[PDB]
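Letter by letter, the chains look like this.
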Protein chains: 2
Amino acid sequence: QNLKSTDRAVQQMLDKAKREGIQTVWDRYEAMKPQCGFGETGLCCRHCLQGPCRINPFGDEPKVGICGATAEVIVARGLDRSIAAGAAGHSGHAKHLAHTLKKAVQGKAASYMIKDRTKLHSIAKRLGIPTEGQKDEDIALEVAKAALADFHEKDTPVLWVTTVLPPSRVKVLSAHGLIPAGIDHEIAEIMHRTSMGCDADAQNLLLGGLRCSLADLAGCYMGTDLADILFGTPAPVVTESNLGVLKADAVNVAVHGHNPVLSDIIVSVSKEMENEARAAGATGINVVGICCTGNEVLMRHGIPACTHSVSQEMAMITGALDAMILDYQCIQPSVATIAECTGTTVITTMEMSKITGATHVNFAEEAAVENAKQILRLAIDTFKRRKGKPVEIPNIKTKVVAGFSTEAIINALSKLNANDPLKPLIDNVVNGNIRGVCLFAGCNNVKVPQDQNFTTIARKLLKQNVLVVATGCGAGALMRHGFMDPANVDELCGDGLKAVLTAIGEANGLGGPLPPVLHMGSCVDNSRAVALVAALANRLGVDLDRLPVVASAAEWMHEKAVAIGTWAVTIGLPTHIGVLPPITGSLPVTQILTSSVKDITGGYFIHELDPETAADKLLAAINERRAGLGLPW
Amino acid sequence: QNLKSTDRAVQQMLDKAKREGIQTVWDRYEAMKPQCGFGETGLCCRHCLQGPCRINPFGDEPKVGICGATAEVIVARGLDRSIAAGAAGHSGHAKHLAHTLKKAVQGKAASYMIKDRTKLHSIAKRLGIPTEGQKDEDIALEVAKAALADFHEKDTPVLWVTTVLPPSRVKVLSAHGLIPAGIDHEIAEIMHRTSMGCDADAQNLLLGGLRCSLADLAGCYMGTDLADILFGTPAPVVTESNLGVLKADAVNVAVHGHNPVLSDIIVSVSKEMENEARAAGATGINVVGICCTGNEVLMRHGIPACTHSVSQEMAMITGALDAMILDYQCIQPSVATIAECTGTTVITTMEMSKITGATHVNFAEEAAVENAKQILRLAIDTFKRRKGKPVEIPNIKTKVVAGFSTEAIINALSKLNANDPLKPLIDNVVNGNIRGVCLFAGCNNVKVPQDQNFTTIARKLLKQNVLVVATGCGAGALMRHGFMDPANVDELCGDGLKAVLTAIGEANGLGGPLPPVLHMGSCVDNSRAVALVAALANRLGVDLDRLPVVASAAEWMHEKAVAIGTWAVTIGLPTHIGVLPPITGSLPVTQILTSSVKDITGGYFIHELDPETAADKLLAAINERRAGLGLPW
Ligand code: SF4
Ligand code: SF4
Ligand code: FES
Ligand code: FES
Ligand SMILES: [Fe+3]
Ligand SMILES: [Fe+3]
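For this coordinate set, the PDB header names X-ray crystallography as the determination method and states a resolution of 1.82 Å.

As annotated in the PDB entry, chain A is Carbon monoxide dehydrogenase 2 from Carboxydothermus hydrogenoformans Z-2901. Here chain A is described in UniProt, under the heading Function, as follows: "CODH oxidizes carbon monoxide coupled, via CooF, to the reduction of a hydrogen cation by a hydrogenase (possibly CooH)." As stated in UniProt under Sequence similarities, the record for chain A gives "Belongs to the Ni-containing carbon monoxide dehydrogenase family."

See below:
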């Protein structure tokens, strides 16, 4: 089971699932082997009904698609559609938050409000929206209108790209025609250009894909901006993670998915419903998080994280998960089937994301509190049904310090330099105490033993004084293995990095260092890392492709993650990926994405399946950036 | 070669290609066999990097996707993405025409203008745009603004759906939540809901797909509306078709693709350039059409159609094709490679549609005339290079009467009844002279011997007094086999249908019948068939699903065609398809699309690979509609 997951609570539940005959994601992976090599290499196309077409990576025919599409066209078209799909997820999430903010300030949904007014004003100023002498509700209405306007062509480009990156970076992207014109406009154009008998030039196709990945970045940044306005900007918090946060005697309710418009209300309402839970024989409602909507409420409220990504079924196998409340993205639909065994009530809430066999509750922001009460009451009913039954909650959890929004990081730094908060960080980059910065992002993937790449790479970088930040299920992997417990700084961190984490934490009234890894939030909160790196670039007067900053999507899976990796490259970052995407069937495409894209954006993908080798390559990329700044390394 | 194409000019060029060693689309198809069965059945998914996943149609594992996606979810998700891609093509085409109209009436591109002012005003009234006392350029500016607004969410739904269908049909679709909210909005939502861990309910997924197909219908109807304003509404015209329209002694220039913003200018400018062509030793510029941009200029100007779809490479094999001017969609990228053998100059013109090895000329509407001159001058240079060389143009062509826009059809009918032009058609439906109406639409497909399904089905329906209309490459197949020559009415048409075609043609100053098949234009001009059928429904006071009207995509290929077939079903039409889409791996999905969708929209797919059986099934569907109206059959 150690070959399936490095997480000991997950291993325990894999043993329980096995002896109870519950098929898991790892079992379904085993039943898929050997997977199709044409698909694995990218050399397959089904974009018209003359297909399916395939191309042998080596040997004799077939060598070309029926319409004449070459290997490099087929591989680039498939990759572009993955980017467009990821953009569509992040921008659907952002669009739903824009409508929620608009409804809230139109009096249409009283459950929602402007919670962070400083953030609202700072966003309005960044967009050029006048604030002076304006009601907050009219400023927010204009911000919401600007958000929805970035989805279509207008007389400006997408502002959640052009106003969030350094001007030199915007200029470089504009010169290559990479600035998106509208978020859903770019998604549709990808789908058009990749359909049969359209774009058939690998370089042209991939340039389109880089532009669509920036539409994804805009969606991410919009999503973070809007969630902070509505629900509050995160600040440092303390909580726990892994299956042991479930409580046999409570109603255990998991919020799962990505959009917290729902889950944030669940958090609030569950508090009110406690006496109603106590009347059923429970201690109260224990809300726990799975995946990114779990990160959202962990970041803002300290809701403990139960599990993530590939291991999500394991929370149900405990037998103590009374309900799992779904919005959309990264939900294994298997949960609807597994629930018939474990008794969990699986509830979908979004019209475009239903699962056969799950109970659906039509959430509407206009009725959010009423919907949450109905949903929580199903969970209390479920708890009563397992009264007195035995559950197996692994007694395994870690301490998690999180909540490191970019604003929080800057505020924390401001305790060392009030008027120039970025300078203490750059000072320690220059003198070597901080070798560089690495963002860990993206998913787990059943192909990689769970968390193995994240932890192996992180340990090596932390020993080499790299400042490590993480989001999404990369934050999930590191949190479940103790990388967000400040008690582990001595074991994990090089002396230079330890000195810096200690100096900052002590100045922030803690007597102890910051944690070894800074948790920057959900998958859309990769935009927070952009904001920090962009602020560093502007403070240093250089573009992002000169900073000692890299990213690693060490175990990535989702089309969303493919989009994030692509815009990390497009904004100028060396970007390691730990599962090969379907590009190896075309050497020219692989060559563009791993080498020659350097000449366009300054970033590049680093393909490396072996995590020890990946860490070496990431250090080499960081150290080459140091050399380009004339720094020692 | 008869097994590859039923077209005798194509067979001749297949023999030439074979003895010259030029690989064709049929050769590349042969090199693909046996094609992958998982892809053919729909039972394959690559929507995340844990894939590729497949499901055995029968037998043992794999039985389910790694994430838990079932056969019915995987099949519905793949189909939804095909619909979204088709919508993206038709709506990209429409969007480009909306920007062209906007530029033209802003003084930004003098090559373009309001050519059809009656159409502009009728569209403005249908949209509710005030015309009274307004400059034409301001009315058109408002129409163009309304077109671009339908691409995104706003306070109205997509008007190019809700204002073009009968109100009872709109009410039925609204009740099932099928009315699109915005064209690119629906495309993005499909891409989101079909990404991993999102929508996992076949019925929910397919309902989303029906709504996205209506976004495609809107794109088609917008494209037709805008092209008619800019370039003129078609009226009856006479021309020729097939390879024999090439002329050994002329500069032969093929316009190929879909959007005529380019090709319409080429037609105009080539006339001016004739003396410059004569100076090179040619008789002048012989502009000919391939695919839908060929249909556009055939419809408006009588440009002869050279070939279509699967056989497009054959025009080059003659050795007389001096240039082929491309915009986007359905262009086999093989043409760039074949041109190195045949000497043809292949020129791309659109930024998002390039082909490696082809010359690119950056067309802009602001510079349309200058660009066309540069492009035509490359063609004249190419003609000079083959001076005195021998070419092989098959001496094969047909007479084509075309130009049957819905306005033209109504005007033609108005000669039998001035104040009630639809009534003579309905009269002959009621008395049996016209059994029903069949629209032939969509592509050729290398899997089907070229044109075999279209002609076999058409002959049987015409013998049974069905009024047959056609668009796109269905019009192309019927035109190349003489179905648009009125001289063939005696041979082809039942006595009732012949009487009606004769009565109409004679009243329109022709001494002869209308042609056996009415050519209604390009693929986007399927919207014209909608307008006619909607007018018939409104005149009869019934919904479309009560009319004796069916469609047949007899040899379909493109994602665009999948979208068209799906909205034909969604607006209430029995819709035959002659190549199986990847749905047979899921019986529940097949059952929805062929039977139970009847209960939602009244339309349904008719899957039938055998064209003789298909014609029987189409007649049965028509006759069941007749019975529901209490008509004899
Ligand atoms: S688009 Fe070309 S390569 Fe793809 S399935 Fe169709 S014929 Fe094959
Ligand atoms: S989305 Fe599910 S079925 Fe598709 S590739 Fe990923 S794991 Fe496999
Ligand atoms: S041939 Fe297996 S992915 Fe298509
Ligand atoms: S297994 Fe062949 S289409 Fe994927
Ligand atoms: Fe996740
Ligand atoms: Fe075509």
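The structure having been displayed, the exposition proceeds.
This brings us to the site of ligand 2. Surrounding ligand 2, one finds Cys 45, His 47, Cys 48, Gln 50, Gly 51, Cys 53, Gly 65, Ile 66, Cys 67, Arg 77 and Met 196 of chain B. Its residues assigned to classes, the shell around ligand 2 shows six nonpolar, four polar and one charged.

Now for the site of ligand 1. With respect to spatial proximity, the complete set of residues near ligand 1 consists of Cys 45, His 47, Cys 48, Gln 50, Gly 51, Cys 53, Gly 65, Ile 66, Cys 67, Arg 77 and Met 196 of chain A. Across the shell around ligand 1, the residue classes break down as six nonpolar, four polar and one charged.

Residue and element names in this part refer to chain B. Burial along strand β8 (residues 345-348) is two-sided: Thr 345 and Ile 347 facing one way and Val 346 and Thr 348 facing the other are all buried. Examined bridge by bridge, strand β7 (residues 323-326) and β8 share four bridges and lie parallel to one another. Across the sheet, residue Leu 326 finds its bridge partner in β8, namely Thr 348. In this fold, the crossover linking β7 to β8 by way of helix α15 (residues 334-342) has right-handed handedness. Two strands pair when backbone bridges link them, and β8 and strand β9 (residues 359-360) are joined in this way by two bridges, in the parallel orientation. Bridge pairing in β9 links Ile 347 to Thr 359.

All names here are of chain A. Looking at the iron ion (ligand 5), the protein donor atoms are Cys 291 (SG) and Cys 473 (SG), and they sit 2.4 to 2.8 Å from it. Of the two residues, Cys 291 is situated in helix α13 (residues 291-301) and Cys 473 in helix α20 (residues 472-480); the sequence distance between them amounts to 182 residues. Given a relative accessible area of 2%, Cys 291 falls into the buried group. A relative accessible area of 9% places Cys 473 in the buried class.

Turning our attention to the packing of helix α11 (residues 260-272) of chain A against helix α16 (residues 368-385) of chain A. Residue and element names in this part refer to chain A. Two elements in contact, α11 and α16, have axes whose closest approach is 9 Å; the angle formed by their N-to-C orientations is 70°. By the criterion of interaxial angle, the relationship of α11 to α16 is roughly perpendicular. Remark: the crossing between α11 and α16 carries right-handed chirality. Across the interface between the two elements, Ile 265, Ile 266, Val 269 and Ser 270 of α11 pack against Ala 368, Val 369, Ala 372, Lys 373 and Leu 376 of α16. In terms of residue class, the contact of α11 with α16 is built from seven nonpolar, one polar and one charged.

Residues and elements named next belong to chain A. For chain A, the assigned domains are domain 1 (8-54), domain 2 (71-231), domain 3 (243-385) and domain 4 (401-628). Each of domain 1 and domain 4 has a C-alpha centre, and the two are 29 Å apart. Domain 1 puts 10 residues into the contact, and the matching count from domain 4 is nine residues. At the boundary of domain 1 with domain 4, total buried surface from both sides reaches about 770 Å², with 56% on carbon and sulfur atoms. On the surface where domain 1 and domain 4 come into contact, there are one salt bridge.

Our focus in this paragraph is the sheet that holds strand β13 (residues 517-521) of chain A. Residues and elements named next belong to chain A. Strand order across the open sheet formed by six strands is β13-β12-β11-β14-β15-β16, with parallel pairing between neighbours. Each end of this open sheet is capped by a strand with a single partner; those strands are β13 and β16 (604-607). Ignoring strand direction, the axes of neighbouring strands in this sheet form an average angle of 25°. In terms of strand pairing, strand β11 (residues 436-440) meets strand β14 (residues 549-553) through four bridges, oriented parallel. Bridge assignment links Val 437 to a residue of β14, and that residue is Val 549.

A few words now on the environment of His 99 of chain B. With respect to the element layout, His 99 of chain B can be found in helix α4 (residues 71-105). For the pair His 99 of chain B and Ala 147 of chain B, spaced 48 residues apart in the sequence, the C-alpha separation amounts to 9.2 Å. Setting aside residues no more than four positions away along its own chain, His 99 of chain B makes contact with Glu 153 of chain A together with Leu 148 of chain B. A distance of 2.8 Å separates polar atoms of two side chains, one belonging to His 99 of chain B and the other to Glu 153 of chain A.

Two aromatic rings are characterised by how far apart their centres lie and by the angle between their planes. Scanning the entire structure with this criterion turns up six aromatic pairs over all chains. Between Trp 556 of chain B and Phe 605 of chain B, the aromatic rings sit 6.2 Å apart at their centres with planes inclined by 50°, giving tilted as the arrangement. Residue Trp 556 of chain B is found in the loop between β14 (549-553) and α24 (559-570), and its partner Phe 605 of chain B is found in strand β16 (residues 604-607); the two are separated by 49 residues along the sequence. For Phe 605 of chain B, a relative accessible area of 6% corresponds to the buried category. Positioned over the ring face of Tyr 604 of chain A is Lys 598 of chain A, at 4.4 Å from the centre of the ring. The ring of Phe 38 of chain B has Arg 54 of chain B sitting right over it, with the charged end atom 5.8 Å from the ring centre.

It is worth spelling out the interface of chain A and chain B at this point. If you look at the interface, chain A gives 83 residues, while chain B gives 83 residues. Buried area between chain A and chain B, both sides added, is near 6,900 Å², and the carbon and sulfur share of it is 57%. On the surface where chain A and chain B come into contact, there are two salt bridges. Across the pair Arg 81 of chain B and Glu 559 of chain A runs a salt bridge whose closest N-O atoms are separated by 2.8 Å. Taken together, the links from chain A to chain B amount to 50 residue pairs in polar contact. Listed by contribution, the elements that provide at least two residues to the side of chain A that touches chain B are α2 (25-32), α3 (37-41), β2 (53-54), α4 (71-105), α9 (183-193), α10 (202-231) and α24 (559-570) of chain A. If you tally residues by element for the side of chain A that touches chain B, the top one is α9 of chain A, at eight residues. Across the side of chain A that touches chain B, the residue classes break down as 40 nonpolar, 26 polar and 17 charged.

With that settled, the discussion passes to the side chain of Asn 286 of chain A. Mapped onto the fold, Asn 286 of chain A is located in strand β5 (residues 285-290). What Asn 286 of chain A contacts, discounting residues up to four positions off in sequence, is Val 245, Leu 246, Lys 247, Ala 250, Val 251, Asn 252 and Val 253 of chain A.

Right, let's talk about the nonpolar core for a bit. Among the nonpolar cores identified, the biggest contains 488 residues, and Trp 160 of chain A together with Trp 160 of chain B are the most heavily contacted of them. Residues contacting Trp 160 of chain A, with those up to four places away along its chain left out, are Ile 123, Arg 126, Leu 127, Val 143, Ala 146, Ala 147, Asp 150, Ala 218, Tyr 221, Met 222 and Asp 225 of chain A.

Let us now look at the relation of the copies chain A and chain B. In this arrangement, two copies of a chain are superimposed by a rotation about an axis accompanied by a shift along the axis. Least-squares fitting of chain A to chain B yields an RMSD of 0.0 Å, with the transformation described by 0.0 Å of translation along the axis and a rotation of 180°. Viewed as a symmetry operation, the transformation between the two copies matches a two-fold axis. Closest approach to the rotation axis within chain A is made by the C-alpha atom of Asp 184 of chain A, at a distance of 2.8 Å. Interface overlap between copies: 100% of the residues of chain A at the interface are likewise at the interface in chain B, consistent with a symmetric, same-surface contact.

Rules used throughout
Residues numbered from 1 in each chain as written, not as in the entry; some residues may be left out. Chains lettered and ligands numbered in written order. Heavy atoms only, no water. UniProt positions renumbered as here; feature names shortened; annotations may be inferred. Near = heavy atom within 4 Å. Nonpolar A, V, L, I, M, F, W, Y, C, P; charged D, E, K, R; others polar. Buried < 20%, exposed > 50% of the residue type's maximum accessible area, 1.4 Å probe, protein only. Helix = DSSP H or I, 4+ residues; strand = E, 2+ residues; numbered from the N terminus. Pairing = 2+ DSSP bridges. Right-handed = clockwise from strand over helix to strand, strands pointing away. Donors = N, O, S within 2.8 Å, 3.2 Å for Na, K, Ca; no water. Axes fitted to C-alpha atoms, helices over the stretch in contact; angles between N-to-C directions. Parallel < 35°, antiparallel > 145°, perpendicular 65-115°, else oblique. Left-handed = near helix turned anticlockwise from the far one by under 90°. Contact = heavy atoms within 4.5 Å. Domains from an automatic or database assignment. Buried area = accessible area lost by both parts, 1.4 Å probe. Salt bridge = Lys/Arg side-chain N within 4 Å of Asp/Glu carboxyl O. Polar contact = N/O pair within 3.5 Å; in protein donor to acceptor, adjacent residues only side chain to side chain. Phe/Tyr/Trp six-rings, centres within 6.5 Å; stacked < 30°, edge-to-face > 60°. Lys NZ or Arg CZ within 6 Å of the ring centre and 35° of its normal. Core = buried A, V, L, I, M, F, W, Y, C linked by side-chain atoms within 4.5 Å. Least-squares fit on C-alpha atoms.

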